[PDB]
């Protein structure tokens, strides 16, 4: 790791790369291999959300087709021939990591290939130049597993948090999603919201190639932090990803505000 001289040693955790940064100033407080590329898994859905929020009206609708509904789970439950709003799909995308929601948003954005090109273009405008999406969902695609870095993930999340709708959604405990029998309540799978006072958003991910990933943010004592963690596996009786995230936030909030190791 790299952390400021004299600071409290950062406890070991499952994440093999990670970064702790200030959401507002862009100061980097600490990092471990924060520029090393690994597959992002579902954390890349945040990048899809940015594109969707830029281009799509929240109340515009799409009729899902069969192709939209054929990716492996997680699924929010998109059904072919049914109508959904961009907002509904974004809730599905961000609360339950719905791959069907991702593919249906990609449908609204002009298709899979076009959506991936738009995501990569968006990463470039943000200076996230170590990021390459291959699918809208973060699933392995024909182009491979894709790539991001802990640094790029917080850069992307920082941009997303600036959007008031994104900030609202990522922090919602629940949302209503269309079903046959009307509407089904879906719950936010981000347990940091429930376990860590001051958490304001987050997105988890897993694939075999990515292992566990996470990006998210919290606010305490007037400061707002953003962290990302990549390429990790939880060992029996070891810290979980939720544990290490809380440990990193706690460490960051306790840090002398003048201390830093670099900037975004």
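Residue numbers count along the first chain shown, from 1.
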Comparing 206-214 with 47-55, the one whose average Cα B-factor in the PDB entry is higher: 206-214
Taking only the CA atoms, which stretch has the higher mean B-factor in the record, 238-246 or 15-23? 238-246
Looking only at 164, 127, 92, 143, the Cα with the top B-factor belongs to 143
In terms of recorded Cα temperature factor, pick the maximum from 132, 87, 82, 122. 82
Residue 36 by Cα B-factor - lowest, middle or highest third of the modelled chain: middle
Going by what the PDB entry lists, where does residue 100 fall on CA B-factor within its chain: lowest, middle or highest third? middle
The third of the chain into which the C-alpha temperature factor of residue 198 falls is the lowest
CA B-factor placement of residue 70, once the chain's modelled residues are sorted into thirds: highest
According to the PDB entry, is the CA B factor of residue 60 in the bottom, middle or top third of its chain, that is, lowest, middle or highest? highest
